[PDB]
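Asks: sequence and experimental coordinates follow.
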Amino acid sequence: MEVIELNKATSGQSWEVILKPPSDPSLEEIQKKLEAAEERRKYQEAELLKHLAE
Amino acid sequence: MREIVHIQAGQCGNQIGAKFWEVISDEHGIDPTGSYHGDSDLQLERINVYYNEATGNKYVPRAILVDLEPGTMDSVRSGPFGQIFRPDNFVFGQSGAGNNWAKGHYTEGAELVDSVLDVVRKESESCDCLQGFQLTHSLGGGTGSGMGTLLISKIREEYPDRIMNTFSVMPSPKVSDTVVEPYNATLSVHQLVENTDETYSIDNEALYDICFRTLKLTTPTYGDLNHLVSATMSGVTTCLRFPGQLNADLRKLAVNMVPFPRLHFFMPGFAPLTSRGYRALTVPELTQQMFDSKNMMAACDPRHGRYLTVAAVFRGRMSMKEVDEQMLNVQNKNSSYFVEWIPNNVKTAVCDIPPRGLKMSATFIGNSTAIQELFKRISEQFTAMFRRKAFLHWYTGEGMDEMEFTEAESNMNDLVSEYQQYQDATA
Amino acid sequence: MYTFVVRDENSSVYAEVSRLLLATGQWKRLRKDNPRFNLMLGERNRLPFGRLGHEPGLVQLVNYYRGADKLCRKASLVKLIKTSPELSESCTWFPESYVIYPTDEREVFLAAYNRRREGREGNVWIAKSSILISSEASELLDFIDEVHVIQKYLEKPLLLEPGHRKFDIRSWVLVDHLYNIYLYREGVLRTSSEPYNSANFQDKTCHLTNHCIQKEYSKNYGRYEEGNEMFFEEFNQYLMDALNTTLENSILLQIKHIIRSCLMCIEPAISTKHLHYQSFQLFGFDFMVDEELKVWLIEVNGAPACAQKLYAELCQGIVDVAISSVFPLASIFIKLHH
Amino acid sequence: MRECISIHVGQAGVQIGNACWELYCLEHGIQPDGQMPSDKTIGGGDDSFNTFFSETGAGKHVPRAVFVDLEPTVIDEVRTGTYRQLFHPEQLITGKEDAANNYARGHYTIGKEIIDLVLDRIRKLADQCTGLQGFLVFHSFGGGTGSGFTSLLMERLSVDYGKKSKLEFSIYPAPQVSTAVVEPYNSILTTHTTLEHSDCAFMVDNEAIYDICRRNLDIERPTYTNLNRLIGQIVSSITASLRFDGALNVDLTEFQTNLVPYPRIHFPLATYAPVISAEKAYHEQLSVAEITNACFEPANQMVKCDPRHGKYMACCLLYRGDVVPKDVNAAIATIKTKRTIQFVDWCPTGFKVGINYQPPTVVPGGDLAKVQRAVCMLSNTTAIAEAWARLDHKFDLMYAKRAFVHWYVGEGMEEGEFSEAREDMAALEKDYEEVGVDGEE
Ligand SMILES: CC[C@H](C)[C@H](NC(=O)[C@@]1(C)CCCN1C)C(=O)N(C)[C@H](C[C@@H](OC(C)=O)c1nc(C(=O)N[C@@H](Cc2ccc(N)cc2)C[C@H](C)C(=O)O)cs1)C(C)C
Ligand SMILES: Nc1nc2c(ncn2[C@@H]2O[C@H](COP(=O)(O)OP(=O)(O)OP(=O)(O)O)[C@@H](O)[C@H]2O)c(=O)[nH]1
Ligand SMILES: Nc1nc2c(ncn2[C@@H]2O[C@H](COP(=O)(O)OP(=O)(O)O)[C@@H](O)[C@H]2O)c(=O)[nH]1
Ligand SMILES: Nc1ncnc2c1ncn2[C@@H]1O[C@H](COP(=O)(O)OP(=O)(O)O)[C@@H](O)[C@H]1O
Ligand SMILES: [Ca+2]
Ligand SMILES: [Ca+2]
Ligand SMILES: [Ca+2]
Ligand SMILES: [Mg+2]
Ligand SMILES: [Mg+2]
Ligand SMILES: [Mg+2]
């Protein structure tokens, strides 16, 4: 069982212990999707208001 | 989301609407003058949901009283709490609707409707954040039925983004003898399916049978029925009036209760069932009772259908462990009556303040497919008259056509077909 | 009123287990996709182990141990025996086995095979998928290219007389939620109704003692017993009258040592002791007995079936000690201590 | 010195945040008025605590935190709180109307209208930073704000600070405390949207937390208060290394480095021991060996799963209090033989260890007892995929019927976004299975 990289400090201590060895969208796209949803909502509200006026 | 605007239309609406304010006023420690005189500050934390605070720290209900006749509203004004209500908020006519949906919706109601909306508008202004609307009414009359649904439609046009919720009273031939009631009720359901977010199906058949068979009242009165309605209304609104996690607003309630937009008709339940004249109930008793057919406010057998969603509210000082134990026991003992394709569809709330004269109660709210039974009933009665076009002259004499009736008939039959769809649906 | 779900319709054993549970009138069978159950009688392959133990108010138990496939898959069993120090390559009761892919054990297989040819030792082997019996390395390796395990073929087996017939002992073991290893008192001998051919290995009738190959490729099937089923009381009588010893002394003792040593080995990897859900499992241990009365382990079956006369007793033992222990209402086993 | 900005989204993020910043103050000797006697450099410093706390010339130690809920009630209790003096009024951001447990209303509708004000209040903090490390984002998976608004903020943070680390503390939904039936939908939707923008996410299944409190703290019906004091302990173990002169996980990059081999599989499993009730008069003090062993007990994990039927790609032990390496390495020898710890073939079976002399701290008047030694084990195991398989199945049961879908579509979301988000989850599950593994008779 190996012990490596023994790091010491004032409020701690650390080491590794080997038991065995081995074997994004831009702001433009964000507003595009945020506007398309608002426009899908706005269409649904106006279609309702159209039906209510009927 | 914060403030709820309450509207009460017609004889039934104003009677049950009145009893509602009397019950929750006492609950929130508000006297018939509007002055607060309570023992807990839990009573005021969410007071502004239903009450407008006025100069001199007096609380005014955010209530609009509508009718096409002065009668009931005059007795409400003469009543114990009539003094609490804003007098500018009493909007009435002199004609009457004569138990005619066509009169309430198109002819007589048409003449009064804008004066109501001006009061709705004024109330909506004094709102930091309006949640939506609450309406009390019967579906069997003319005013609450015809005018109530026209008011919902008009409110929806001006406030399309807000939540519309109703306490709708369903007709029964055990309570009423007005032949035209199935017609008015079918015309009103068609409207409710399209324009409401949540409807508490309060059935006069179930209220009558509870009074007769369980409360052993030989000759039940409207006040006897209304006693069960005011208990149900106090229970189903608890989460909106008192601090809490579950269903604390109209929208959160709708998202938990409405899987499909037309399937928003709730079967309310209540335990213990009482008459207006000691012995506390255990958490296991409250749970057996609230889910029992005999405790349902709609004349449907829940065991004939499946629950799509359930909300359970426990009021008083009890064990949250035992509430949880019994709620899980009910679900685990009868798992076939709860759709498998809506996981964890039963949500529970516990509120420390009980109702008046009860140490502990339980209110159930169920979106069961068994509500189709109530709709099949009104449909059986409607079709029997409509296939012979009987009593239609009362409606056509107001400008309506047979088409509106055929359409209403179809929509309700389609709604019954939808409830069956999800009763026979498997995962 | 406890609840269960049936997710393996093909299991004869849990079909009888289901039948007996309903018959008590304290168990209800839910839809195979209803989560509000106490007991899952799950599907053989790909059981959703990760989903169990997440239903509050319900004590959940399954008829399978997650990871018991290390002992039940042919190539995995060999690997478990070879790597685990608890069993190791220094294991007397299991035949010489090598995992061959068409990682690999091809190099070490030739190494041990060629030491036997020049060592003037019998070089008969067997091939099976996780069926071939040959003496040459060509016929074995060439066949896998048409994943398998090449195991030492039992050249000198014990033979029942009259008949000069081969056999195999199937023992049923139930490991409950507490890891108590229970051996059912009744076992069966899957006999070969045709006499054993010392030199001929082409005819796969006298070499494969399976109940399927005897009802298909054997002419004299059902001659000595019914069909090729010898039970323990009968087999013990043959051992006393024809060999002096008893079944308990010459065979059962070694069988028990094998069951225990196998199941104790994987207890730290499959035990459901401090788990959100509990497991139990019925296993079918398959043994070969040589002429020197020495017991050898052939395979472990995760989903065994029973002998038609024993279903009644075995399936009642399952509900008694594995189910009603966890779900109490209103011995036919030998507890293997560890 | 490198700074960290903590962001608390929704009710869960804000209430946990509160429980954390309260523990931080007890731990660093900072008072409810924002005063720290132990800090001798007035109105500044390059100390290890300054990673989380900014300073004023008056001597106020101010959390580098942003609180965001779309409704006032919750944040108005940070304003009425014991630690009300600590926070600047512009650190607390509220809407009027909440996301109604709807991801679409939180992401699209209310999100679009408050995103810019939030990023503004975040830059107001980022501009007080000499060298900002990144963000710690606290939120629920289930709530509408918690899921919808967080996923939107994560995409924008990736834009505005592409070089910075984004770490998560996510509350996985559990029916015992669940406020909504749509929590499976919201969880998958935010997971799919936040995947590319998260470097390391720590999941806390509310069911595990509720059970630890029932079992180990003997609480009949645990509240959010109980749940959060416990979450606060695990969060403190993970961040102690950034707030104090430590040797391991000294910066947010180290978490990705030491725990995340593949970027999609960035969900380490957190185990914490010992959990003891303060209401216990007698307490037998557990050894390093005892508390180390307990890190391999499913009863102590933040998500219930079997790490035995999976593989390890990373494992790291974070000790606290009276702990010496001698006892640690001996416990690591002991457990290796007892427990079945399988690692990925291409990884060395080994552990990264860290001790932080700083003693385990508790809230005076709590359900949790003061311990001499403690340990948090962070391990990247493929066994965590069990939480994904559970949530994905719930999502599937509901989606097959399009139950509640209209609520999403009504807020502008397309029905196709649901199955897109789900295909990513089916991909994520497939990745975990690739890494994790190799009739009648
Ligand atoms: C002789 C006919 C009686 C009156 C009537 N019978 C029927 O309708 C029958 C049974 C007869 C033929 C078939 N049909 C269905 C009846 O019992 N009902 C219509 C009752 C309601 C009736 O009962 C009695 C016994 O009077 C009424 N109750 C009230 C009442 O509760 N009044 C309260 C005030 C009130 C007034 C109107 C409204 N809409 C609401 C409330 C005052 C009383 C003191 C109280 O609090 O109970 C008035 S009429 C319903 C519930 C079945
Ligand atoms: N542990 C813990 N879980 C919480 C807390 N508050 C809420 N939750 C859980 O988080 C989920 C619900 O999300 P919430 O945070 O309440 O919702 P929100 O982000 O405010 O979103 P909306 O209110 O819908 O706008 C459920 O699983 C709750 O049980 C908390 O303080 N602690
Ligand atoms: N439960 C209950 N039902 C009532 C009450 N008043 C009227 N109803 C019922 O309502 C229907 C008649 O409607 P009503 O409200 O009187 O007429 P409207 O004034 O034209 O809306 C019938 O089904 C009555 O039995 C009441 O106070 N309580
Ligand atoms: N190494 C072997 N030596 C002798 N006989 C063997 C050997 N391996 C298997 N057998 C014979 O083959 C039969 C079937 O083998 P088995 O491994 O049990 O396969 P299965 O999974 O199809 O039941 C046994 O009943 C036995 O007669
Ligand atoms: Ca007129
Ligand atoms: Ca300083
Ligand atoms: Ca990134
Ligand atoms: Mg009237
Ligand atoms: Mg019943
Ligand atoms: Mg909230």
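Replies: Happy to help now that I have it. Numbers count the residues shown, from 1 in each chain, chains lettered A, B, ... in the order given. Ligands and ions are numbered 1, 2, ... in the order given.
Asks: so what's residue B:212 up against?
Replies: B:218, B:220 (C-beta atoms under 8 Å, 6 or more residues apart in numbering or on different chains). Every residue, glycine included, has its C-beta placed from N, CA and C.
Asks: make it 10 Å
Replies: B:174, B:218-220, B:224 (C-beta atoms under 10 Å, 6 or more residues apart in numbering or on different chains).
Asks: now, which of the residues you listed sits nearest residue B:193?
Replies: residue B:174 (25.1 Å; C-beta to C-beta).
Asks: how many residues are close by that closest one?
Replies: 15 (other C-beta atoms under 10 Å in any protein chain shown).
Asks: state the distance from it to residue D:324.
Replies: 82 Å (C-beta to C-beta, to the nearest Å).
Asks: and for residue D:401?
Replies: 58 Å.
Asks: between those two, who's got more neighbours?
Replies: Neighbours per residue (other C-beta under 10 Å) separate residue D:401 from residue D:324, with residue D:401 holding more: 19 against 12.
Asks: wait, isn't the more buried one in contact with residue B:263?
Replies: No. Counting by C-beta atoms under 10 Å, no contact exists between residue D:401 and residue B:263, whose distance comes to 11.5 Å.
Asks: now for those two: what residues contact both?
Replies: B:308, B:421-422.
Asks: if any of the residues you listed are buried, give me the ChimeraX selection for them.
Replies: Selection command for ChimeraX covering only the buried members of those, criterion 16 or more other C-beta atoms under 10 Å in any protein chain shown:
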select /B:308,422
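Asks: give me the nearest residue to residue B:24, chain neighbours excluded.
Replies: Computed as C-beta to C-beta, 6 or more residues apart in numbering or on different chains, the closest residue to residue B:24 that is not its neighbour in sequence is residue B:234, at 5.9 Å.
Asks: in a strand, that neighbour, correct?
Replies: No. Counting by DSSP: H, G, I helix; E, B strand; the rest coil, residue B:234 is not part of a strand but helix.
Asks: quick one, strands of chain A?
Replies: A:4-8, A:12-20 (DSSP state E).
Asks: who does the longest one pair up with?
Replies: Same thing as strand A:12-20. According to DSSP bridges, strand A:12-20 has the following sheet partners: strand A:4-8 (antiparallel), strand D:349-356 (antiparallel).
Asks: what residues sit buried inside stretch B:410-424?
Replies: Those would be B:411-413, B:415-416, B:418-419, B:422-423, for stretch B:410-424 by 16+ other C-beta under 10 Å.
Asks: residue contacts, the residue of chain D found nearest chain A?
Replies: The minimum distance from chain D to chain A, using C-beta to the nearest C-beta, falls at residue D:412 (2.9 Å). Residue D:412 makes contact with A:33-44, D:104-105, D:107-109, D:112 under the criterion C-beta under 10 Å, 6+ apart.
Asks: before we move on, the earlier item: reformat the strands paired with strand A:12-20 as TSV; add distance to ligand 9 and mean neighbour count.
Replies: Shown next, in TSV, are the strands paired with strand A:12-20 (distance: least, C-beta to the ion, whole Å; neighbours: other C-beta atoms under 10 Å in any protein chain shown):
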stretch	distance to ligand 9	mean neighbour count
strand A:4-8	68	11
strand D:349-356	58	24
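Asks: quick one: which of the ones you listed is nearest residue D:85?
Replies: When these are compared for distance to residue D:85 using C-beta to C-beta, the nearest one is strand D:349-356, at 28.0 Å.
Asks: next SSE after that closest one?
Replies: Per DSSP states H and E, the first helix or strand lying C-terminal to strand D:349-356 is strand D:373-381.
Asks: gap between the residue nearest the centre of chain B and ligand 1?
Replies: Centroid check for chain B by C-alpha atoms, centre = their mean gives residue B:167 as the closest residue, at 1.8 Å. Per C-beta to the nearest ligand atom, to the nearest Å, residue B:167 is found 15 Å from ligand 1.
Asks: then residue D:242?
Replies: 68 Å.
Asks: burial of that residue, as a residue count?
Replies: Neighbour tally, residue D:242, other C-beta under 10 Å: 22.
Asks: who's in contact with the closest residue to it other than its chain neighbours?
Replies: Closest residue in space to residue D:242, ignoring its immediate chain neighbours: residue D:51 at 5.0 Å, by C-beta to C-beta, 6+ apart. Contacts for residue D:51 (C-beta under 10 Å, 6+ apart) come out as D:1-4, D:64, D:129, D:133, D:239, D:241-244, D:250-252.
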